[PDB]
Amino acid sequence: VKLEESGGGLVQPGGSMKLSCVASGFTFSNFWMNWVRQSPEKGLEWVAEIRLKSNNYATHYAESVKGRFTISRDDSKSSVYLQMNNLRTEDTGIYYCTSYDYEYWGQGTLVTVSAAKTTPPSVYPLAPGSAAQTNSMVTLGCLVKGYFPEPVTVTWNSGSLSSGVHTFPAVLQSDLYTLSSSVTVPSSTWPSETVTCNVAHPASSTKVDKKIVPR
Amino acid sequence: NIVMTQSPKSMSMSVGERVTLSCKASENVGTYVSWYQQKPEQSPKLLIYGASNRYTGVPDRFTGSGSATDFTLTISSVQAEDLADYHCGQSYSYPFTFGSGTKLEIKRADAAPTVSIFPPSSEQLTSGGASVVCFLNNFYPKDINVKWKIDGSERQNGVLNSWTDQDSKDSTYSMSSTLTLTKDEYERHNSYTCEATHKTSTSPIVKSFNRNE
C-alpha cells in the first residue's frame with residue numbers, strides 16, 4: 001500500500017495551499033480518508049475526514065479549521081485533497097493523508113505559514129585543520145546556513161555514503177535555519193575517494209553539491 | 001474534546017525486557033483506541049486497533065489491552081528496532097484525538113563521544129561570517145555539555161546546538177555545536193576550543209585549532 005503526497009512548502013499568512021495524495025494498493029473508493037497534521041507544539045492532530053459516495057462524500061472537520069479548509073476526493077483518480085485557505089501560523093506543521101483508523105499514511109509534507117521570504121542555503125565545507133591529528137577514521141562535514149523554510153535534505157555522494165552519516169536537526173534563528181551533517185569514513189580513503197555533501201532545498205529550487213577537499 | 005494522556009514522556013529499557021505503556025482517556029471511549037509507532041522523520045504506523053487487536057504484520061511481542069478510560073500497550077521483549085515514540089489515539093468521538101506519546105529509549109553501555117572540530121571555510125569568511133563547528137558523535141547516555149573557549153576564555157554567546165534522536169543502529173546519540181562569530185571578531189583571536197563533558201568522565205574531551213595552523 002502506498003499513499004503518495006504532493007504539495008506543501010511556504011505560504012503567506014492569509015494565503016491558500018492545496019495538498020494532494022494518490023492512493024495505490026487499497027480500494028480507495030471503499031475507505032474513509034483523513035488529513036492529520038503534526039507539530040512540536042501540539043503533537044498529532046486530526047484535521048478532517050471524508051466518507052464515501054454512498055453517503056454523498058459527507059465530511060467532518062476539526063473546529064480549528066472549519067470554514068477555512070476543505071477536504072475532497074476524486075475516486076476516479078484514487079486521490080484525496082486538502083484545500084487550505086486563510087492560513088494562519090498555527091497551521092504550520094507536517095500534513096499527512098491517512099485512511100480510516102490511520103491504517104495507511106502518506107509520507108508527510110511540511111506546510112510553513114510565514115511572511116518570511118524563501119532563502120536558499122549557503123553550504124560550507126567542514127574539513128579538518130592542517131594540524132589535526134591522525135586516526136584510522138576521519139570525520140568530514142557540511143554546514144548548511146541561512147535558509148528558509150524547512151526542509152533541506154542532505155545526502156553524501158548522492159546517497160552512496162550512509163553508514164557513517166549523522167545529520168542534525170535544524171535550528172531556527174531570526175527567520176533563518178541552520179543545520180549540519182557529518183560523515184565518518186576510513187582515513188586512508190580520503191581525499192583519494194572523494195566525499196561530497198548534497199544539500200537539496202526544494203522551496204528555493206536549489207541543490208548544492210559541496211566536495212570536501214583538504215585544507 | 002476527549003483528551004488522551006500518556007505519561008511518562010520517556011522510558012529507558014534494555015533489549016529483552018518487558019515494557020508497559022499507559023494511556024488515559026478523559027471520557028469513556030469504549031474500545032475505540034488504537035496504538036501507533038512513530039520513528040523520526042517517518043509517518044506513524046498502526047500497531048493495535050480496537051484496544052486489543054494486533055494489526056497485520058505487527059510482531060506478536062506487541063499486545064494491547066484495556067477499555068473505557070485506561071489503555072495499555074505491552075512489548076513483551078523489547079528489541080532494538082522498537083526504538084520509537086508510541087502514541088495512542090481514540091476514534092470514539094469527533095474530533096479524533098491522539099496522546100502525546102511515550103518515547104522508548106534502548107539502553108546500552110556508556111560510550112564517550114568522538115569529538116571533531118572544524119574551522120570556518122574560506123567561502124563563509126568571504127561573506128563576513130566565521131562558524132566553528134564541533135561534532136560530538138556516537139555517545140551514551142544522552143546528556144552532554146559543550147564549552148567553547150576563545151584564547152582560553154569561555155564564550156557562550158553565538159553557540160547553536162542540535163542533538164540527534166537515538167540512533168537505530170547502535171543506540172547512541174550525537175550532538176553538533178556551532179559557534180558563530182563575525183569574520184571581524186574571528187580574525188582578532190588565535191585559538192578556538194570545544195570541550196565536551198560527558199558522564200563517562202569529568203575530564204573534558206578537548207579539540208582545538210589555532211588560526212596559524
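So that the names make sense, note that chain A is the first sequence line, chain B the second, and so on, each numbered from 1. Values below: every heavy atom of this structure, side chains too, minus hydrogens, waters and symmetry copies.
Only the side chain of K145(A) comes within contact range of chain B, with at least one heavy atom under 4.5 Å from a heavy atom of that chain. If you measure heavy-atom distances from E103(A) to chain B, the contacts under 4.5 Å come from both the backbone and the side chain. Using a 4.5 Å cut-off between heavy atoms, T164(B) touches chain A through backbone and side chain atoms alike. Contacts between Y32(B) and chain A at a heavy-atom distance below 4.5 Å are absent for every atom of the residue. Of the atoms belonging to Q42(B), it is backbone heavy atoms, and not side-chain ones, that fall under 4.5 Å from chain A. For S181(A), the part lying near chain B is the backbone, with the side chain staying farther off; criterion is any non-hydrogen pair under 4.5 Å. Interface remark: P40(B) contributes no atoms to any contact with chain A (heavy atom separation under 4.5 Å). Heavy atoms of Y96(A) lying under 4.5 Å from chain B belong exclusively to its side chain. Only the backbone of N161(B) comes within contact range of chain A, with heavy atoms under 4.5 Å apart. Neither the backbone nor the side chain of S163(A) has a heavy atom closer than 4.5 Å to any heavy atom of chain B. For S122(B), no part lies under 4.5 angstrom from a heavy atom of chain A. For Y100(A), the part lying under 4.5 angstrom from a heavy atom of chain B is the side chain only. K169(B) does not touch chain A: none of its heavy atoms, backbone or side chain, sits under 4.5 Å away. When heavy atoms are compared at a cutoff of 4.5 Å, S130(A) approaches chain B solely by way of its side chain, counted from C-beta outward. Residue contact with chain B, scored on non-hydrogen atoms closer than 4.5 Å, involves the side chain of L143(A) exclusively. With a threshold of 4.5 angstrom between heavy atoms, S208(B) does not approach chain A through any atom at all. For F96(B), the parts lying under 4.5 angstrom from a heavy atom of chain A are both the backbone and the side chain. Heavy-atom distances place no part of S100(B) under 4.5 Å from chain A, backbone and side chain included. If you measure heavy-atom distances from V47(A) to chain B, you find no contacts under 4.5 Å at all.
For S187(A) (side chain) and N135(A) (main-chain N/O), a donor-acceptor pair under 3.5 Å exists by modelled atom type. Checking side-chain atoms of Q6(B) against main-chain N and O of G101(B) turns up a donor-acceptor pair under 3.5 Å. Under a 3.5 Å cut-off, the side chain of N55(A) and the backbone N or O of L52(A) do not form any donor-acceptor pair. Using modelled atom types, one side-chain atom of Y61(A) and one backbone atom of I71(A) make a donor-acceptor pair closer than 3.5 Å.
When each of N138(B), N212(B), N210(B), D167(B) is checked for heavy-atom pairs under 4.5 Å with chain A, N138(B) comes out on top. Of the residues considered (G129(A), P169(A), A131(A), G108(A)), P169(A) shows the highest number of contacts with chain B, using heavy-atom pairs under 4.5 Å. The choice from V133(B), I117(B), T97(B), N137(B) that makes the most heavy-atom pairs within less than 4.5 Å of chain A is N137(B). Ranked by heavy-atom pairs under 4.5 Å with chain A, the first of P119(B), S91(B), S127(B) is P119(B). Counting heavy-atom pairs under 4.5 Å between each of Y49(B), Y36(B), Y55(B) and chain A puts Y36(B) at the top. Contact count against chain A (heavy-atom pairs under 4.5 Å) is highest for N1(B) among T178(B), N1(B), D165(B). If you tally non-hydrogen atom pairs under 4.5 Å between each of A132(A), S122(A), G141(A), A127(A) and chain B, the highest count goes to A127(A). In terms of heavy-atom pairs under 4.5 angstrom with chain B, the leader among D101(A), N34(A), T139(A), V171(A) is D101(A). For the set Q173(A), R215(A), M137(A), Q133(A), the count of heavy-atom pairs under 4.5 angstrom toward chain B peaks at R215(A).
A salt bridge is defined here as a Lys NZ or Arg NE, NH1 or NH2 lying under 4.0 Å from an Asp or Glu carboxylate O, and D110(B) with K199(B) meets this definition. Under 4.0 Å is where a charged nitrogen must lie from a carboxylate oxygen, and between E45(A) and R37(A) at least one such pair does.
Checked against a 6.0 Å centroid threshold, the rings of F118(B) and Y124(A) do not count as neighbours. Between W46(A) and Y102(A), the distance separating the two ring centers is not shorter than 6.0 angstrom. Between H87(B) and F98(B), the distance separating the two ring centers is not shorter than 6.0 angstrom.
Around NZ of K103(B), the count of heavy atoms belonging to other residues, nucleotides or ligands within 6.0 Å does not exceed 12.
Residues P120(B) and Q124(B) share a closest heavy-atom pair of CB-OE1, 4.2 Å. The minimum heavy-atom distance linking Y173(B) with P141(B) is given by the pair CD1-C, 4.2 Å.
Side-chain contact between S162(B) and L179(A): absent, with no pair of heavy atoms (C-beta onward) separated by less than 4.5 Å.
Using the six-membered ring where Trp is involved, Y192(B) and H189(B) have ring planes that are perpendicular, over 60° apart on the 30 and 60° scheme.
Because its NZ or CZ atom is not both nearer than 6.0 Å to the ring centre of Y57(A) and within 45° of the ring axis, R73(A) does not count as a cation-pi partner of that residue.
Tested against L136(B), the residues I144(B), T114(B), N145(B) include a single side chain to side chain contact (heavy atoms under 4.5 Å, CB included) partner, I144(B).
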